[PDB]
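What follows is one structure encoded as structure tokens, with my remarks underneath.
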Ligand SMILES: [K+]
Ligand SMILES: [K+]
Ligand SMILES: [K+]
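Below you can see the structure in the form of structure tokens.
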């Protein structure tokens, strides 16, 4: 596969070389000359090598099988599709010129049949994901336009040059003697006229004189009337699909402001709303962006998400020392993730505890709201769980937790924890012992058991 | 009101005359002349009479009263709105000629203040429904374009004429003697140039010569770059919002055909479906497909609509002898109208009677499909009920019905009828008596009436 | 029968049907009558060019064109005789009138008859027979504009092709943008040459200042110049090759250039609509792909996990598609009942509860049922909830589960014909199990409030054979 | 406080107690600092003109322009010294750095420092300060293109104006179309004249064949010609006035004409998007209103019914718009809980069913309550259906109807603070009443199973005191 790709990737530049050379030789030359007659042999040899090497590889049909390798079918597939056309357009132009000198011009225009290969690279690249969809239309349009311009210029100069009485043509009336100048000076005027006409800026010089050029111009000026109108639809269809984010953001901000103004919220509660909204809309690069539409998946698939993101961390925790791991398979599967902005309060003092949280990233501070002072006695790092004792004993929360960075927290409802403990009561003694015996800092067991041992 | 509309619409005719005359007199003339110095005084007289008759006026507002008559109250508003500018554009130019000789030009361009009355007519008429929305944009755009063209032409000729040395100008370099020709021959060349430049077809004659005209043309060639791109967006908007119905028709037909082919229905069972589907698009305004546009309303509205439609018709019926107001009301405001294509069956032989029908319009023939014969023994017109004995006796329907015209009928199922009867049985006793009182005939149904009396 | 055959744009085959009427009448939707109007539409393309070409280029009216203008007119003369044997479809009554006396009075009272007889009279041929062989006068020749009445047939044909679904919509609405512009160009060129021909001074015209004697030359030499000028002025390219010199033609040029804004500003408004409206479905599906693929890379999840997510989404679009293929909503009940009886009657009878049931209730049990469609692996009935309805399986499998916070497979697979949730509804108990789908299937819902009174409404009640069948099934 | 202050485009005032770190620093979201950047953006407007004007029209580099070019450069030299006292906002964390040794190291490691130092350096004055009088050499002058690096300031400014909701979107994205075109025109006009100046034969140039001595004349007379040619070649108007004669300028002309299709095809793609996306609401509303009118007029119904029919639908759009004003759905629980505390806590307590209820469970109950919106004269609970929900009346009013025959208002004056559907859900019996709204109102939905489990899970439950309140209410 690696060897194959390089070879065809090499056989697309030569197609561009042919697509430039053949019309120029058709129009501006009549007899072969060394500098432009040598590379033709090389490219013909390369294409002959390509033609002979086509039965050493097999076609692939998806419906018939995973892969197809055969001998007879390749012969029938190659013979009846494009064998004759590809074979005939390989004879050197020197060999067949002896039939007649007039054939040398028309023969070289048959080499444009090799332009189908560009038609393959723009069909195989369309159905892909590693390349954008915007860099696959502009290139096509540019190539089409440039090819049209080049072909029109060459044909018009041919019509001019084949005439007798070198005056009374589109070029003779402008320069007295045009057959006595360099071959690279007659090729700029033709392109000047072609791009002057195609963009509809008619200066006035270099215009048709006799009737044949009038007819050619009449036929050439209708194709552009459609080619130009085809290029504005493809630009509106691009501009519309590119300004969707900003309008959505403005609409959401305006709606939130209208809501807050209508219900007359206090000044210090609108800040949290306008902070979380901004954080969510600038966190679209990762995380809780697809999870708005990732909730439509079945439970079987979604249950496997937590295993590769939280199961390893869930093993080594303050609690859950030794378990059958059957409980964890559900506890991890029934967890939710949230984000918090820096310098935000999550827990206040004595407000009917309902949940306990697990810390994954960032930091947090445990602060006791004393009489007029706020100490920083305890600081917690990622890994620990806050609020366990207050929710397992129906007691009000102990301290207040304030974040100091961009955090990420896990949440569980106490009702579900009670339900799962009730479903499996035998394993609850391990949790109870783990809570009881691990109070290992100063004053801690006694402040926790001021009434626990009484009510144990 | 009515008398005010006619007089108000009169002045909007003179505004066009003023807007045409004033630039022409500013640019192409120098001193007043009899033919055009007569109607001006008449126009000033009309506008002055309008000025004096502006204090006996009343206006409407959401907050203000519909008619406010306190004269002194109006003055403080009127004098502070346009009283200063409405007076300056009424003095005859001949009176003001003695102020200065050169001031005759700049004094004739102050009459364009009366052009505001067209700006208060293209927005007042915007909020109306008896006039189409297609013919409120094109007129405005056309008027804007014509005004721009006229003004540009007049200003360019003024610039050309005011200069000394008649040669070396955009017009003197093309015509040998441009100052010795009729006033209506100099007015065509200027408009020729203006429309040649506005549509971007630059021919090549009549181009600027010196620097002042170069600067004027530089400033005039940028306005059109926006005035032309503001005319394609409107046309695209109009085209995209005007071709919806046909795609709907094609999509619906495609969906119906695909579904019918997918379930492999018998060949004869698609014809009824297709006929019924196309009949709604034929009668797109008669209430078949319009039902959801009517079924989005509360109970009272759609209960009161049936009053104007079926109340009188339901009174003169075979049954329903003398029920005063309540049973008839409830039965009437519970029906469901349906349209049927011609030549289609509605009741078959011995097919589990469920409901009866009341015919409003069209005609149908009662058909008895016996063994090998099809009779036309009975024919029904508007008013009579079909399918009654088969639902009050739990007996299969005797005959079949086939229509001969586009008919509209009414329907009601048996369950609702029985629930209504159970709700009020006292009025119900009349109905069964009506049938027995009306099965007094000398024809064949007496044999089955005997059976009914056996089972009644 | 009637509306089924008028849908196609090229008629239908006819064989021994009831609207044969008199054996000398032809129907107006037959196939032989729809291959005769196309011939006239083709010949219309020649009779709009010739009139304009002969309006201006005098002395071309004598030659082969004189013979062709009669050979063509003969057919349009024959059509008027033919139009008295053609039926028409009435509007108040959708019956098609097929009476000669009724169709003979419909035509003589319409302006189409007088216009058709006016637009087929040879003016030049008859005039030279009685008067001099050559007609002139700088005005005699504007009667050639009568034959521009026959464009209604093309306008009518381009309305019978858009409604059909067998034909494209990008190919038919773009071939209608060539005829209009080509006719416009033709008209403008011919009018300009006619203006130039009839002028006092021959050296003060647009063509007389370049070619000394445009008269006394070939006709086609004068034709090419006046097509070249028109095609250059349209499309907004301008050379100084040919321009206007008089004051009779500056005005015509101004009015020609002012009307061309609204046509080149109208071609774009259609070629934009086509491209915009042809590229939506791919946009939506590619948006879904791009949204999903971004999640599976930054978090470095394995290949199988991404593959299953990508393979699962495809079925959802198919479910939406089958949900968007239902069209029987507001048709009259007499057709919905027939369709339902043809589609669903067989499987309802083979139900363990519905055995030995009265035939009266089954008729209206088959009606007012709406089919459903569900993707695989999705809940339909949960556990410990108020019963609301029950379902009947049609064409797919399903699984039964019963657990509090986990999953435990119980019983076995259920094929078509089975019920679901029947246990809880009869006893008015919260549902004792949980049922989940297995493959793309369709189900039939019934309800509870309806079924409460539906059974009680009937007079044929057995000795609680509902209970007997239920207990027989439950015992196993 | 982190992202809230950065939202406005022109900063905000600073009062006190902010993260100032007062000694020797200024905050980058201040207001006085946000007016020192607009001044430099204005000065960029002048410095992107003289740089190109001095390339082509030589002999203009000596005069007042030389003095202004230094007076302006003084400020851009001061700015580099200023930018060591500014604070920046991090990315991994959302804290703003206010330490000098951290902001100093960030600047020197980027290309902005070196590019600014290179751009702000005068080179024309110094390199002839003592070497010679004036500079030449046909290449010395391409060095003036270094001062085009200052356009990133305008590029950044135009991004902060579209994210604000106090500014339009049809006026900010249309002033962005003048600048690009004017700069493009100026650049092309200067380059062409520069090409014309340095040529061997002066009679074979575009301007040399119209004016014999374009040199030795004023620079403005050579400026007007080259601006006129550029504006003519753009916009696609072409006279034969001035064209190309050489082979050095035919090529530049070709490329200039090829690069213009993509811009004249890009202005339309924006002016056709603004108009289209500004006119949808009116289209939909007009469709509805003219849908009403066509039906009522044809059926000959009086104006009396249509007066109410038209006005009824107006409230439907208001209800839909009020529904679309809800945005808080995925925010963490600690925010929704507090908002519900501020909005819904008082009315829950004052209910007969909920009186004396434990406060520890009210907090759990007063959360996760999502409200609804109903148009006037709608129905929410019908009669005789399975119980699912009961309701709470925040505002508006509802009425209870229970008479199928001759329906009327009896036992129905419910207002803010009452309840509906209580009896059916609490007695496990089908609903015995139907309730209808009166005006636009908002209500609360609770549920059946959740309220059943909530009381059961608790231990200190009010036993039959709920029953006491219920019997007190129900008795009368
Ligand atoms: K043009
Ligand atoms: K042009
Ligand atoms: K020109």
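Residue numbers (the deposited numbering), protein chains in the order written: chain B, 54 to 509; chain D, 54 to 509; chain C, 54 to 529; chain A, 54 to 529.
For every residue, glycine included, the Cβ atom is placed at its ideal position computed from N, Cα and C.
Rounded C-alpha distance that separates residue i from residue j
{"i": "residue 288 of chain C", "j": "residue 285 of chain D", "result": "16 Å"}
{"i": "residue 492 of chain D", "j": "residue 499 of chain D", "result": "8 Å"}
{"i": "residue 195 of chain B", "j": "residue 69 of chain B", "result": "14 Å"}
{"i": "residue 274 of chain C", "j": "residue 261 of chain D", "result": "35 Å"}
{"i": "residue 255 of chain B", "j": "residue 245 of chain B", "result": "11 Å"}
{"i": "residue 466 of chain A", "j": "residue 460 of chain A", "result": "15 Å"}
{"i": "residue 476 of chain A", "j": "residue 350 of chain D", "result": "30 Å"}
{"i": "residue 447 of chain A", "j": "residue 420 of chain A", "result": "16 Å"}
Under 9 Å between C-beta atoms of residue i and residue j
{"i": "residue 464 of chain D", "j": "residue 398 of chain D", "result": "no"}
{"i": "residue 433 of chain C", "j": "residue 427 of chain C", "result": "yes"}
{"i": "residue 86 of chain C", "j": "residue 94 of chain C", "result": "no"}
{"i": "residue 69 of chain A", "j": "residue 129 of chain A", "result": "no"}
{"i": "residue 209 of chain B", "j": "residue 81 of chain B", "result": "no"}
{"i": "residue 450 of chain C", "j": "residue 492 of chain C", "result": "yes"}
{"i": "residue 422 of chain B", "j": "residue 439 of chain B", "result": "no"}
{"i": "residue 395 of chain B", "j": "residue 55 of chain A", "result": "yes"}
{"i": "residue 83 of chain D", "j": "residue 108 of chain D", "result": "no"}
Bridge-paired residues (DSSP) for residue i
{"i": "residue 183 of chain D", "result": "According to DSSP, which records beta bridges pairwise, residue 183 of chain D is partnered with nothing at all."}
{"i": "residue 65 of chain C", "result": "C:83"}
{"i": "residue 444 of chain C", "result": "C:473, C:498"}
{"i": "residue 424 of chain C", "result": "C:497"}
Residue-chain proximity (residue i, chain B), Cβ-Cβ < 9 Å
{"i": "residue 267 of chain C", "result": "no"}
{"i": "residue 250 of chain D", "result": "no"}
{"i": "residue 264 of chain D", "result": "no"}
Beta carbon proximity, residue i to chain A, threshold 9 Å
{"i": "residue 501 of chain C", "result": "yes"}
{"i": "residue 438 of chain C", "result": "yes"}
Residue i at chain C interface by Cβ criterion, 9 Å
{"i": "residue 357 of chain B", "result": "yes"}
{"i": "residue 325 of chain A", "result": "yes"}
Exercise. With a cut-off of 8 Å, do at least 3 Cβ pairs link the stretch 366 to 384 of chain B to the stretch 471 to 489 of chain B?
Worked result: yes
For this session: Mind the definition here: the stretch 398 to 406 of chain A touches the stretch 458 to 473 of chain A only if three or more C-beta pairs lie below 8 Å; say whether that holds.
Result: yes
For this session: Check whether the stretch 510 to 522 of chain A touches the stretch 415 to 427 of chain A, counting contact only when three or more Cβ pairs, one atom from each stretch, lie closer than 8 Å.
Result: no
Problem set entry | At least 3 beta-carbon pairs within less than 8 Å: the stretch 374 to 391 of chain C vs the stretch 317 to 332 of chain D | yes
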